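See below for the structure under consideration.
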2 protein chains.
Amino acid sequence: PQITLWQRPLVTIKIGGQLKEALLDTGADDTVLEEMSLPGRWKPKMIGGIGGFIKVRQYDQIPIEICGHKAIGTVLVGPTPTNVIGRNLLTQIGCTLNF
Amino acid sequence: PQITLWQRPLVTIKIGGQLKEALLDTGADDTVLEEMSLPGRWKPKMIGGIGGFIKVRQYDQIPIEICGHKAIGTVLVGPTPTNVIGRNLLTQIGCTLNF
Ligand SMILES: COC(=O)N[C@H](C(=O)NN(CCC[C@@]1(Cc2ccccc2)C(=O)N([C@H]2c3ccccc3C[C@H]2O)C[C@H]1O)Cc1ccc(-c2ccncc2)cc1)C(C)(C)C
């Protein structure tokens, strides 16, 4: 579908069998999610945002649906006011910018 | 044209008689640029991104040339580690997300 930007591009995602609201963010290299439970082991990562750096838990090869589109990739769990879907997953669903 | 997201969507804009590189960011409500001078009135505010909040100066009705388009919008000026073009300006050039 085509999503205009007059409002925040919030969509529904599904991860771990649960539905959550997330923001499609072309300015993010990675996908950052609010605290939640994920399987397996995690690795450390330090990411930088507009306000500074934060530590997150990196989980790999995690199944996740975005607007009904299936993806499997890396998700980072840490302190954020909203779930952010970055380019690592936007490319998996074939998302592009157009004008 | 169509912009894929395999790489960061960087563009060159013209503002205040200056040329700056900026990231097309669908997650940003408004454009945020590193310290620079802008004419007109402004009001201070705090924006909270990943890593915490930063203080910025909000300028409205600022002329900006982007992707061959002469648009007008709001610009937040402050200590951001990266320049980003937000929805406030992206809408004016008819930019949309598609997948
Ligand atoms: C390479 O790094 C990244 O891609 N980082 C991601 C990120 O923040 N990307 N920024 C781009 C994305 C910004 C949003 C992320 C967001 C955060 C919380 C809740 C919802 C959305 C951000 O900070 N936003 C805030 C914003 C902006 C304008 C006006 C108001 C407000 C309030 C917030 O919503 C919205 C997005 O634009 C650009 C950027 C690139 C490099 C460095 C860096 C580089 C090197 N050293 C230091 C900093 C700092 C910033 C992230 C999400 C993975 C942390």
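Neighbour counts run over all protein chains shown; Cβ positions are idealised from the backbone, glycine included. Computed from the coordinates by the stated procedures, all read-outs in this text should not be read as laboratory data.
Exactly one residue out of B:27, B:73 is at the interface with chain A (Cβ under 10 Å from one of its Cβ atoms) and closer than 22 Å to residue A:50 by Cα: that is B:27. The number of residues in the range B:41-66 that are surrounded by fewer than 14 Cβ atoms within 10 Å (Cβ to Cβ) and under 23 Å from residue B:12 (Cβ atoms) comes to 3.
Of all residues in the range A:31-56, exactly one satisfies the criterion of being more than 10 Å from the ligand (Cβ to nearest atom) and among the polar types (S, T, N, Q), namely A:37.
Quick check on my filter: what residues within the range A:67-76 are surrounded by 21 or more Cβ atoms within 10 Å (Cβ to Cβ) and either more than 9 Å from the ligand (Cβ to nearest atom) or within 16 Å of residue B:27 (Cα to Cα) (or both)?
Step one: list which residues in the range A:67-76 are surrounded by 21 or more Cβ atoms within 10 Å (Cβ to Cβ), which gives A:75-76.
Selection gives A:75 alone.
Here is a list: A:28, A:22. Which entry is in a loop (DSSP other than H, G, I, E, B), in contact (Cβ under 8 Å) with a residue 40 or more places away in the chain and among the hydrophobic types (A, V, I, L, M, F, W, C)? The unique qualifying residue is A:28. Listed conditions (1) free of Cβ contacts under 8 Å to residues at least 24 places away in the same chain; (2) under 13 Å from residue A:97 (Cα atoms) are all met by residue B:49, apart from (2). Cβ separations smaller than 8 Å between residues 6+ apart or across chains give the following pairs from the range B:73-99 residues that are among the small types (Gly, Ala, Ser) to residues that are in a helix (DSSP H, G or I): B:73/B:88; B:73/B:89; B:73/B:92.
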